[PDB]
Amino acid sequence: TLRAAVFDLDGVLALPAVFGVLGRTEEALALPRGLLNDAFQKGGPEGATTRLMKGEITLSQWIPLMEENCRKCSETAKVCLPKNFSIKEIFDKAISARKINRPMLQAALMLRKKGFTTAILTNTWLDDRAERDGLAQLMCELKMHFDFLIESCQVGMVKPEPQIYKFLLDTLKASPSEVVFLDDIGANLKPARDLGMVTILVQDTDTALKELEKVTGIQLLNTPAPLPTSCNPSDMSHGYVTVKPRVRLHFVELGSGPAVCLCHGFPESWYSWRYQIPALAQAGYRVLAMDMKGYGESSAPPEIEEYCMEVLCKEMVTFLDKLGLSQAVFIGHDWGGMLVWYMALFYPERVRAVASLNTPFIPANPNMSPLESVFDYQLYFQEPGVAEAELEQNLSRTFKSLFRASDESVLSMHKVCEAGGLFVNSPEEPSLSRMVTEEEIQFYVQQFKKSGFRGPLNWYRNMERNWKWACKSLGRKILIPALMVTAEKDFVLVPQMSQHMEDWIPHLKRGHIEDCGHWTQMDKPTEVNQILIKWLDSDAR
């Protein structure tokens, strides 16, 4: 009974195999067959390549030794090499060309989802090339997905020596019989086999995946498309900034590059962006996913006025000031989308680009106060303590009833004042949505235990204030790069409401997601990530 899966990197987790390039290179150059491959292996265990894989010498140190061997091995067949021949040029190109083999990673990912323990066991080098970052990026992305990564240069052992196999077993804490070993090399494969581990010779991925599926008894092939990578809160970098005495802002930080600020809606978390954080960071961005004022680890002052857009936008600018950021790409959903449109109208200097999910930008009416105005829920929210008491009564019930996809029984926003509550027609025990796990629901429950629903509800209690402030921007235009994303089945933030936006945002780029409800991020994470990344790459450098 297997409980562990082990993958080689080259020719297994990453493709094309860098190894394969020696063959490609000799035949591209009209060079005698295996001359290059034999130069690589010169001296075998006492050889330059083994010293490299053992961590005795670095990659840049090894290059000259390999070139030398290329000449010594040439003497045998008496041939001469090209003038421009460069080992560095070759591996730089080979390393660069090498990518993650996605079907293989998905297979390793499924096994881990099923309680398997996974590892990467590779014969590798200490890369000190000026171009080493590319491999470092690939290595970072690969793992985060595995329980262990064992590199020969770090452990001082190589394949095929038996000590490495015994080392792998000790790390795994598994008897060989409960382990699958995947390698594209027969030699590196035998030690594991004659130790009793299950082995797969990897030639082609489908055929290798066919063998793995059969061995583990798990559907690995032709499986439906998986969800993007989520976030485990305990594994994140948590940031804390005091924007003013008694008001501190919490955020989650991941990745390097241009700053992308994520602003959630009501009643959410930085955790609403769980599917977005790894993808955008992987896309070459520095993600800062906020806990907006009143939520989670951010401060929740009792006062209503602390939640007007002018005060909220001001603190976001202070947040940038204190973080030492001249700009950030502002991305908001729901109430975050509202804030983000205001950041663009009032502070274009600090905003690289603006993106809104579901929330439309609508210019304020100078002749009518919004309080003049059945999207009844806003009226229900005005009274302090009323909506708080109902929403805080049973938190598990609150989130399960709120967080529902388009096909689920969503819950009405009309005549709620007449009904006397948001959940007055709702079951005591709501069913669990396809969007969330019980564990994910429980995160929100623990987050909302700190401050409750007062601060979040206060976001709705500044209608007249936000309206007066908005009237000042009535003559302005959004001329900075902007993206408006609509959700088909959002019945509060309807795509129709966004139709006249070009009157104020002429260069506006758009996105639309079908069969998507209000909770856009967890509804359609894959579509959201595709739209946002595409837009960031073209408009937000």
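In this text, rigid core is short for the largest set of C-alphas that superpose within 1.5 Å between two forms. Numbers follow the displayed sequence, beginning with 1.
Once the structures in 9 other deposited structures of this protein are superposed via the core, the pair 115 to 123 and 364 to 372 is resolved in favour of 364 to 372 as the more displaced stretch (C-alpha RMS).
Relative to the shown model and aligned on the rigid core, the C-alphas in 9 other deposited structures of this protein deviate most, among 245 to 253 and 403 to 411, for 403 to 411. Coordinates are absent for 4 to 9 residues of the deposited sequence placed between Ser373 and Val374. Between 70 to 78 and 346 to 354, it is 70 to 78 that carries the larger average Cα temperature factor according to the deposited entry.
The PDB entry reports B-factors from which the mean C-alpha value can be compared for 111 to 119 and 291 to 299; the larger average falls on 111 to 119. Out of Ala487, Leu483, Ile478, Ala39, it is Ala39 whose C-alpha atom has the highest B-factor in the PDB entry. Highest C-alpha temperature factor among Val21, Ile531, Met522, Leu9 per the entry: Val21. Per-chain ranking of the deposited C-alpha B factor places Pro160 in the highest third.
For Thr205, the recorded CA B-factor ranks within the middle third of the chain. Only modelled residues enter the ranking. Per the PDB record, residue ranking by Cα B-factor puts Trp125 in the middle third of the chain.
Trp467: CA B factor in the middle third of modelled residues in this chain (values from the PDB entry). Ranked within its chain, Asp407 lands in the highest third, by CA B factor from the PDB record.
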